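Chains as they are written, first to last, in our numbering: chain A, 18 to 134; chain B, 1422 to 1976; chain C, 837 to 886; chain D, 8 to 158; chain E, 344 to 394.
C-beta atoms are modelled at their ideal positions from N, C-alpha and C, and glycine is treated no differently.
Below is one structure, written out as structure tokens, with a few remarks after it.
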């Protein structure tokens, strides 16, 4: 009822204002911020054109539900591994390399590959 | 003179028309006039539904002009111009439920290939469509589209790869700013001049079109296969660009300046006045021209052309060609409650519009009577001592009179407001009970299923077919995360994809669960456990587990 | 002549700046709406119907 | 909209751009924290709810770009003032500072922002803005060469 | 005199305006006036909502 109405309004506002602001901000940052300035502002240790900016250096902004999306992504793999590992003939036939790589990359860490030897 | 053999044509007579361009222009004009004339009552119903939905003094003024037709010979000249917002809240509740059902999460659609050997291409096309939808702001356009559909019972959406929506390159010469910080020696003339290749569009990829500007055939029963007539606002700059590109051929670039100006529809004017913006112009930018765009069949005198796109500027045919889209016209028509003889359906308001008007009338009449029923009044009779300038209320005031009955409060009669309140409550209950916003879940699920099957899935079908037709392998790989000769015949049979909504997760879960249960039953007994094709079982499970690159998980 | 996607600055009936849009993402202004109508850029607020 | 301070994420379309996506996300988070984005968004949303229409101006506008300057000041190198504390004996220094003349994120007024009446997309319409700009800012713009046709 | 070739431009007529700066200034002023005048009722609605 009221929750439904407010959820619809929140969806519309997030899709129209917040995501548009995010899009404008990161595209302007990509246009105007250099590599040394960016790594010096942020915690860390560039030639583009408008055509390629929409093609390969494109980012898609999402709200606070990224934790839920990553949780679903990781849970799909965990359920698949749990089903496959119980049966020996299929347990030997999994690519744990790719499985662990996807899990660590979508586990929500800031430096995920630092946890892989 | 268009080449008739270039079209899907049927020779219906011995003599073909002399000048096919004027013949087609006259046919299109006559069809447009007929479509406008046969839809007169429906447009009035849509406009009064919009007036009921929107709450403004102008909307109330428009509503009070329709109550004679809708409710009947009743009095509606109350000095109260209040609106209850009942239609507004019904539309918003249904809209919120439908948004929640149609886009519950970000993976709201899936493309299942019909040929199992087309899975990689299906996944790549799905990623391309997700990127396309995110870039084209599809959700906002679909929100407008659904609001219009729920209010009017009929809506239209234009999809990308239209001529006005194709992106184009251009050159810009600009002063590039290289430093974040401005110093005391900051001069703009000393900046490096840079010529940049930029890409832009002149029209949105996904657009919600106006029902007062989109016309369908009155005798057609399938809205998506009906003849399509659209009125387009195109600038002289756009027409010059089209002529230079060669899309418009029979019109003069320096006569389009003297070409007739755009005329705004009266219904659109009233709809905008409802919001409070005067689209009526002291000047209309002096730049907008009316364009008549026709999709469908031309039944002329001596020849009939099938599935054509035509463009007319005024009374002259500037474009005429076979439909360049293999999936049909890039316009999707959406309906709520389809009737067996009309292409326009019934909206959520239309069954309840008389009740909405009656509720507004009852509320206004009750307010008019109540404003008079509240005031406390007194009566003073002539006497010798109590003057009318001494009769005022004070705590404990003593009136020095000669008779106790000189000043007396006025006794008001019994007010008949309880019946008005009861009838207003009954009307509100009836409106919520007819709309389905209470059962109610069943009504909303039926509406959601119809909308998903009619509008969203048709949009998905047309968009992925147009992507397969117009998008090349290299740019598709560039757009999607990844590391082509087809024809309309094979397109529907081997390279065919089935679009489904958010229930693909449930489908994959069921598909995996059947195999899981079968394996669990078979593995408990050694005699049957040794006869299982684990290669096939694992392959199907990993392919239907919902991964993006499922074969990367198999050694 | 028709110019597309330009930034212009005017100080009292004189044009003091006119250039192509220097932003690849479009203008740095974001317009927010609540209930978008099919023919208006201005939407419906929460107080407007009431 | 803001249940926690990790209220947004940037997912790259190309899987080879994940590191740069993370750097851009961190840069955007720090910029949002510094530019007082939340208060501006509260004002923006309040205006949007009241009117049904609101406008927000984002950074990298000319009036919001940072600039450097020099100031000559007396640094206080001692924590406690004694009976022989004299400001004239302090160390005179010239410090290089950075600042802005306009906020990076600003909620604009709907009575000062105008759009095209016949446009359907509010974010793709013609934009007209009325700006209160000081003569000092106009002098700075003319000196920097951004304004060329006024004295 | 701004350079037209620097813009995303479309030539719509045979004769370009004599003074492009004044032409653009007049166009912007007319557009501002039109936008302000076409929005008078909505501005009343907004001020009423604020009140």
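Rounded separation between residue i and residue j - CA only
i, j, result
"residue 861 of chain C", "residue 44 of chain A", "6 Å"
"residue 155 of chain D", "residue 1611 of chain B", "14 Å"
"residue 1487 of chain B", "residue 1467 of chain B", "12 Å"
"residue 1503 of chain B", "residue 1783 of chain B", "10 Å"
"residue 1697 of chain B", "residue 1685 of chain B", "16 Å"
"residue 1873 of chain B", "residue 1523 of chain B", "7 Å"
"residue 1803 of chain B", "residue 1469 of chain B", "56 Å"
"residue 1728 of chain B", "residue 1534 of chain B", "28 Å"
"residue 48 of chain A", "residue 67 of chain A", "9 Å"
"residue 122 of chain D", "residue 394 of chain E", "23 Å"
"residue 1580 of chain B", "residue 1490 of chain B", "37 Å"
"residue 1589 of chain B", "residue 351 of chain E", "11 Å"
Chain D residues whose Cβ lies nearer than 7 Å to that of residue i
i, result
"residue 127 of chain A", "29"
"residue 852 of chain C", "154, 155, 156, 157"
"residue 864 of chain C", "64, 65, 67, 68"
For residue i, the residue or residues it bridges with in DSSP
i, result
"residue 865 of chain C", "D:64"
"residue 1716 of chain B", "B:1649, B:1730"
"residue 390 of chain E", "In the DSSP output, where bridge partners are listed per residue, residue 390 of chain E has none listed."
"residue 1593 of chain B", "B:1617"
"residue 1654 of chain B", "B:1711"
"residue 16 of chain D", "A:79"
"residue 854 of chain C", "C:844"
"residue 1799 of chain B", "B:1830"
Residue-level contact to chain D via CB, residue i, 8 Å cutoff
i, result
"residue 378 of chain E", "yes"
"residue 381 of chain E", "yes"
"residue 1585 of chain B", "no"
"residue 1902 of chain B", "yes"
"residue 856 of chain C", "no"
"residue 23 of chain A", "no"
"residue 375 of chain E", "yes"
"residue 29 of chain A", "no"
Short CB-CB distance (under 8 Å) between residue i and chain B
i, result
"residue 349 of chain E", "yes"
"residue 74 of chain D", "yes"
"residue 392 of chain E", "no"
"residue 22 of chain D", "yes"
Amino acids of chain E, ordered along the chain, whose beta-carbon sits closer than 8 Å to that of residue i
i, result
"residue 1657 of chain B", "355"
Rounded distance between the beta-carbons of residue j and residue i, thought under 8 Å
i, j, result
"residue 1367 of chain B", "residue 1550 of chain B", "Residue 1367 of chain B cannot be examined here, being either before or after the span of chain B that is shown, 1422 to 1976."
"residue 130 of chain D", "residue 866 of chain C", "7 Å"
"residue 1585 of chain B", "residue 1624 of chain B", "4 Å"
"residue 1933 of chain B", "residue 111 of chain A", "Not really, about 15 Å apart at Cβ, beyond 8 Å."
"residue 101 of chain A", "residue 107 of chain A", "5 Å"
"residue 1650 of chain B", "residue 1453 of chain B", "5 Å"
CB contact check: residue i to chain E, cutoff 8 Å
i, result
"residue 1698 of chain B", "yes"
"residue 124 of chain D", "yes"
Within chain A, the residues that residue i reaches when beta carbons sit closer than 9 Å
i, result
"residue 1601 of chain B", "49, 50, 51, 54"
"residue 18 of chain D", "76, 77, 78, 79, 83, 86"
"residue 130 of chain D", "33, 37"
Chain C residues whose Cβ lies nearer than 9 Å to that of residue i
i, result
"residue 95 of chain D", "Ordered by position in chain C, no residue passes the 9 Å Cβ test against residue 95 of chain D, which lies about 45 Å from the chain."
"residue 59 of chain D", "869, 870, 871, 878, 879, 880, 881, 882, 883, 884"
Cβ of residue i within 8 Å of any chain C Cβ
i, result
"residue 78 of chain D", "no"
"residue 105 of chain A", "no"
"residue 44 of chain A", "yes"
Per-residue contacts from residue i into chain B (C-beta, under 9 Å)
i, result
"residue 110 of chain D", "Simply none; closest approach about 16 Å."
Chain A within 8 Å of residue i, Cβ atoms only
i, result
"residue 868 of chain C", "yes"
"residue 1515 of chain B", "no"
"residue 121 of chain D", "no"
"residue 1564 of chain B", "yes"
"residue 134 of chain D", "no"
"residue 33 of chain D", "yes"
Closer than 7 Å: residue i CB and nearest the ligand SAM heavy atom
i, result
"residue 1940 of chain B", "For the structure depicted, the ligand SAM is absent and the ligand set is empty, with no information on it obtainable."
Contacts that residue i makes with chain D (C-beta to C-beta distance below 9 Å)
i, result
"residue 386 of chain E", "117, 118"
"residue 1604 of chain B", "74, 75, 76"
Interface residues of chain C facing residue i [CB-CB closer than 8 Å]
i, result
"residue 56 of chain D", "870, 881, 882, 883"
Chain-ordered chain C contacts of residue i [CB-CB under 7 Å]
i, result
"residue 70 of chain A", "860"
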